[PDB]
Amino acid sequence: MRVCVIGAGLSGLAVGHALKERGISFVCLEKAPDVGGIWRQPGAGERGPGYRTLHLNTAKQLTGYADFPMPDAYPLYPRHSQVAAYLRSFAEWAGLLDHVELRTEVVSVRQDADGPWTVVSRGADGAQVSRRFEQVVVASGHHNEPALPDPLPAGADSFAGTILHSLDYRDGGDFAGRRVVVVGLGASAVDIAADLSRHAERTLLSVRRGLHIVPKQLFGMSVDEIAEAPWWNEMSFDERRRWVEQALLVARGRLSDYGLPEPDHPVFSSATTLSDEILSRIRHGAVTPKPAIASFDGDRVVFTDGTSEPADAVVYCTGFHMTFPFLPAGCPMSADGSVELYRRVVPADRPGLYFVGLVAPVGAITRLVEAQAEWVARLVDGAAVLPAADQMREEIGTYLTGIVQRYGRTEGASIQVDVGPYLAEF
């Protein structure tokens, strides 16, 4: 009645918990047959950003909800199925599921001239019902639309095999004995290449721009555990860079010597891909680093180095586009494509709309959405207040002009957040 929460992944669940703890009435509308967001999608053979080898790359005690620790027997890096079971178990404990409408997909969201939002959902029956809510919290995730490169390499339409995205990818088993090209050097790409490296006859890793490939662990410490260590925050943002790049070279050496393009920037600058596997896979010949794909010649994939390989499939791990089809005008955005959300949550012109989980921190997103949810709940029932709109576009302004200072234009830096200072403001 008061709050329609769109999404029952980790963020929607935190919002529902936050609202339930303030006595605030809400319903949570979720597409999938259950809660958990992406973490339950592999496990149901569902097409989504995950895959059957997906584990957390953040430590469990930093990723679990603050008031609801993951089972003690869980490893540091739980499998997607353990996370999904954890999330379902959270919804049960927090008393959330009777406020959750499963198999219910939100299709339009419009602000009515009196303040309330009209929300049109489509259910199992394919039927549609239109409802009014005081406020709407968007918790729909930002891995919604696959982002293929533009353009495809030439000859893609004549390709003998399957051109697919990591969305359509679930299990390397589905490629047993086949010759597959993985495109990308991000979390998805190295994981899916690693996974193909034990079922495919041959796995090729086609990379164009170089990324810093960091183990999940230095000094035995998870990289996001170190990020919190006082002695690391004790350190200067150049003293740490050197610490990291010296540590990296003791642990893996230099990327060029694994056949990988060396990045054009230090660590932190741009982005870092986490993997314990992909370098070793290369050194074992299980994955073969290749340059960029330049053309598809029938059954073969031709690379920019003139070399060529027969390939039965190409798996594009080029990331995801952030879209909001149910929002007619869409996430408040800048011409540049930069998100414009006051403190990464709040549109400046539309009262009663909130975006939760649309941040990208170094490490786990959980503490951040827990703080976001707690703030939004206090805004919904009035314990907290927003600046005037101009003043909200000013925080947006200095946050944005500050991300160009750190990442220049990039493309998805408009949701990047320092996990330390952000949480401190809550």
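Just count from 1 along the sequence shown to find any residue number.
For this session: Taking the mean of the C-alpha B-factors per stretch from the entry, tell me the winner out of 395-403 and 58-66.
Result: Higher mean C-alpha B-factor: 395-403.
Exercise. In the PDB record, does 370-378 or 38-46 carry the higher mean Cα temperature factor?
Worked result: Per the deposited B-factors, the answer is 38-46.
Problem set entry | Selection by C-alpha B-factor (highest) of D305, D276, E234, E92 | Of the candidates given, the C-alpha B-factor peaks at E234.
Exercise. Which of these, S256, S280, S140, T203, has its C-alpha atom at the highest B-factor, as the entry lists it?
Worked result: That would be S256.
For this session: Please place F175 in the lowest, middle or highest third of its chain by C-alpha B factor as given in the entry.
Result: Middle third by C-alpha B-factor.
Exercise. Thinking about Cα B factors across the chain, which third does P71 belong to?
Worked result: It falls in the bottom third of the chain.
Exercise. Lowest, middle or highest third: where is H165 by C-alpha B factor in its chain?
Worked result: Middle third of the chain for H165's C-alpha B-factor.
For this session: For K20, return the chain-relative third of its C-alpha B-factor as stated in the PDB record: lowest, middle or highest.
Result: It falls in the bottom third of the chain.
Exercise. If you rank every modelled residue in this chain by C-alpha B factor, which third holds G126: lowest, middle or highest?
Worked result: Within its chain, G126 is a highest-third residue by C-alpha B-factor, going by the deposited values.
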